[PDB]
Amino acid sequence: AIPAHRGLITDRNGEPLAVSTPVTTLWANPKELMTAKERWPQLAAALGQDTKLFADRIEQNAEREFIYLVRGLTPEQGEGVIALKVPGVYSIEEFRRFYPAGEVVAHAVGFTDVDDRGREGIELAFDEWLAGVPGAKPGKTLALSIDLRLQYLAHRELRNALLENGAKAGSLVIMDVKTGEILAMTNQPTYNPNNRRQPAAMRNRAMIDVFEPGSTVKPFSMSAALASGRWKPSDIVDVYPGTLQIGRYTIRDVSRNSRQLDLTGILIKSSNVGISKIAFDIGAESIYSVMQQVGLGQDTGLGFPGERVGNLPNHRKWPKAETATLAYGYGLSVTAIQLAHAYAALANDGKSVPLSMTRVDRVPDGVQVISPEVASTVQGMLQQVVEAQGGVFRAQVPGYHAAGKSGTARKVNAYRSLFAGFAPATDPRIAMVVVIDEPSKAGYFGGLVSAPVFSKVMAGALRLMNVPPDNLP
């Protein structure tokens, strides 16, 4: 059968990301080869094979009318073999993929197996569209949501942060909050898909690795508090003395020099005690509902085989310890894609637009998952988290009002450093998640390790997208 030309993958502006390259496959009729044994050695040497092992193979297939000699020669190598003019040697034009951006977008684009079928990423997810039909009809062009310009920036900054932090791994996702598009998705470690010759390096961690989101979910606990009718931002919580006992469990703040904190101060000081006390007052049910509605631990609908769903704990009757730990993101499992999608809903005034890895021309209707008034109040609080005295100043994006939240998880001393946010605050365009796994220098807090990567990637992304600076007089 005649292998078909696989569809071109492009970025959202038409830059090529996966291109079908002509190769030559050689096959032989042994019955005819066996009439030309004197030609075999120069045919073996032309295929870089030992004369004796080549000869053994043909002799062991003397009564098969077909065998492959080699697959995936360049046309030039295949020409050299054809020019030997060996009886019983034939050629087929096959296709191998080339990935012009290589390691930069390897996890998103994926790659094809020996037979030119998708094995990972978009190549796998859109195989039916890309493949076409073997004779023979060509596969179809696919434009991704990815902007190669934002992807290059995200890739470079996440690489530099891993090296500066001596970290094991990392992910970074950028989303268009208005369209649901994935504009960048990068992971470390990465691989060159044009030279496969580590399984670890091939993992799209942003989609297939789950982690505890920790304190990055506090904005969703606060959304539930503001929607309950029992809380406003200027309300106070007494978090003294920085700890709270629930039977056997102790809730702890890292900084314990607080008594009265307003709701914004609970976020600035990442007080687990403060969010736990609000959680006890409003009930875990309300918080669970917000987290489920923004898609934490829920199917993204992206249909990448091997994509993880994670898990959001649920109860009929929430025990007090589980109520506290839900509200500060302990014992949840989410993906970086889910966390970025949730932040996009908050940024898009509480409307969730379905996630897309393909370029969106006609934007589907969004679902109102949080009330626009609550969403807008939480945005303003997350802007104070970044800008306020004592805030996460390393997330500040010079030129723009940015907003977001740090997290730091102790794994089970190894850490995960998180920052999730959006910008600009006065009409958000972009949501971003930065996850750095096991930073190994003195700093491991999300506000130290991930927040500066957010700042640098957001500064470039907003400028690459010509977003007008909103920090004006």
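Definition used throughout: the rigid core is the maximal C-alpha set that superposes within 1.5 Å between two forms. Don't overthink the numbering: it's just position in the shown sequence, from 1.
Taking the root mean square of CA deviations in 9 other deposited structures of this protein after fitting on the rigid core, 124-132 and 89-97 differ, and the farther of the two is 89-97. Larger average C-alpha displacement in 9 other deposited structures of this protein, relative to the shown form after a rigid core fit, is seen for 134-142 when comparing 134-142 with 206-214.
Per the records, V412 is among the residues left out by at least a third of the other compared entries, whereas the shown structure includes it.
According to the record, the deposited sequence contains no missing residues between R362 and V363, so the chain is continuous there. Counting the unmodelled positions of the deposited sequence between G135 and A136 gives a long gap of 10 or more residues.
Relative to one another, 151-159 and 383-391 have unequal mean CA B-factors, and 383-391 is the one with the higher figure. The stretch 107-115 shows the higher mean C-alpha B-factor when 224-232 is compared against 107-115 in the entry.
Going by the entry's values, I58 shows the largest Cα B-factor out of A409, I58, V433, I430. In this entry, the residue among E164, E181, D262, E322 with the greatest C-alpha B factor is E164. Annotation for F422: CA B-factor lies in the lowest third of the chain's modelled residues. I9: CA B factor in the lowest third of modelled residues in this chain (values from the PDB entry). Among the modelled residues of its chain, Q77 has a C-alpha B-factor that falls in the highest third, as given in the PDB entry.
Ranked against the other modelled residues of its chain, the C-alpha B-factor of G139 as given in the entry falls in the highest third.
In the PDB entry, a CA B factor belonging to the middle third of its chain's modelled residues is recorded for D253.
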